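Next comes just one chain, in structure tokens: the form deposited in one PDB entry.
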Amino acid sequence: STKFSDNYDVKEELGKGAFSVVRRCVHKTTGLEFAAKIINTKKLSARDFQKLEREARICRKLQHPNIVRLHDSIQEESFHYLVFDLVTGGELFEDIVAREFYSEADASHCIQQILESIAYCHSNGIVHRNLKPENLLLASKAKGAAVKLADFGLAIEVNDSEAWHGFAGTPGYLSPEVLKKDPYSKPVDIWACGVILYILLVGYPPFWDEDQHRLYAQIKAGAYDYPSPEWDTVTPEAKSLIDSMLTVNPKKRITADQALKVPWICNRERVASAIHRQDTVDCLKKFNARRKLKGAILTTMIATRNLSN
């Protein structure tokens, strides 16, 4: 059919994916703007076609306000179009460092939205597997914009199955069960949520080591702490929530639904501290800068490979 060409006006290119190009588009009737992932299905290899089918099915299931939603999936002659939310607010972590005031209450509001998106994924039998700063975006630059969970490239429909689904996810956010090659499921997203919450409170990660082997040993042992003096002003409730997420045995780890009912989340106005945390902002700026530098190094190596042939 020609449902896309007749209903949408294609605008400028926003970027490129593994096997696609993304362009802004505007719905002719509603006038609403979206981000369209355009894929040439004929040229697609069999392997990538399978990846696409899985992506479209999973994204179709995930209809929640705190998730980068896929509006429509249209197949035309040789191209397929995946119409998604147009997210322009950038990384949550980059926005936080520009704030004049940032407190526990603000951290709680952020993690509450992330947990809502995760609880929704889990209720639909899907595990994201790649929660990290780069995938926590803001809908737009507008004040109060919603936190959006992005990139479901590694998501899988685990449902009620029991097995080890491989090593995927970023190294500082991986859970003990994945590293131990034990069966794992939805709880891995909660572990990552705990790592993110820790960073949201002090600006640096709980598991950190230049030696990858040491990092994984650290994670497997659940070896993190709350160093003075920065953590001396953090409430016991924030720490308790983190402890419930960074529980090594997945069977004793809190679920997203349960986390959303904890006072520090549900009654943040009273239970979460309202004090400004300048050191968190300062540390987070360095955390972001370090990530940007590693990313630039990676970009350079990829550029070197493209040149060399």
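Note that residue numbering follows the sequence shown and begins at 1. Rigid core here is just the name for the largest C-alpha set that superposes within 1.5 Å across the two forms.
*Asks:* So, looking at the entry's B-factor column for Cα atoms, which has the higher mean, 8 to 16 or 289 to 297?
*Replies:* Mean CA B-factor is higher for 8 to 16.
*Asks:* Hey, which bit's got the bigger mean C-alpha B factor in the entry, 210 to 218 or 183 to 191?
*Replies:* For C-alpha atoms only, the mean B-factor is higher in 210 to 218.
*Asks:* Looking at 75, 175, 103, 233, which has the highest Cα B-factor in the entry?
*Replies:* Each of 75, 175, 103, 233 was compared by C-alpha B-factor; the highest is 75.
*Asks:* When you compare the CA B-factors of 198, 79, 164, 93 as listed in the entry, which one comes out on top?
*Replies:* Among 198, 79, 164, 93, the highest C-alpha B-factor in the entry belongs to 79.
*Asks:* Looking at the entry's B-factor column for C-alpha atoms only, identify whether residue 66 ranks in the lowest, middle or highest third of its chain.
*Replies:* Middle third of the chain for residue 66's C-alpha B-factor.
*Asks:* Ranking the modelled residues of this chain by C-alpha B-factor as given in the entry, is residue 243 in the lowest, middle or highest third?
*Replies:* According to the entry, residue 243 has a C-alpha B-factor in the chain's lowest third.
*Asks:* Which third of the chain holds residue 141 when residues are ordered by C-alpha B factor: lowest, middle or highest?
*Replies:* For residue 141, whose C-alpha B-factor we compare with every modelled residue in the chain, the answer is the highest third.
*Asks:* Which third, lowest, middle or highest, does the C-alpha temperature factor of residue 99 belong to within its own chain?
*Replies:* It belongs to the highest third of the chain when residues are ordered by C-alpha B-factor.
*Asks:* For the chain shown, is the CA B-factor of residue 205 in the lowest, middle or highest third of its modelled residues?
*Replies:* Its C-alpha B-factor belongs to the lowest third of this chain's values.
One more form of this protein, deposited in another entry, exists but is not displayed; see below.
*Asks:* Shifts of 2 Å or more in the Cα, rigid core superposed between the shown form and the other one, apply to only one of 105, 96, 215, 154; name it.
*Replies:* It is 96; the other listed residues stay below 2 Å.
*Asks:* I want to check residue 257: does it shift between the shown form and the other one by 2 Å or more at the Cα, with the core superposed?
*Replies:* Stays below the 2 Å threshold, so no.
*Asks:* Rigid core fitted, then: does residue 73 show a CA shift of 2 angstroms or greater between the shown form and the other one?
*Replies:* Yes, residue 73 moves 2 Å or more.
*Asks:* Does residue 142 move its CA by 2 angstroms or more between the shown form and the other one when the core is aligned?
*Replies:* Residue 142: C-alpha displaced by 2 Å or more between the shown form and the other one.
*Asks:* Have a look at residue 279 and residue 226: in that other deposited form, are their Cα atoms closer together or farther apart than in this form, given the change is 3 Å or more?
*Replies:* Distance between the C-alphas of residue 279 and residue 226: longer in that other deposited form, by 3 Å or more.
*Asks:* Any idea whether residue 279 and residue 149 get closer or farther by CA distance in that other deposited form, knowing it moves 3 angstroms or more?
*Replies:* More distant in that other deposited form, by 3 Å or more.
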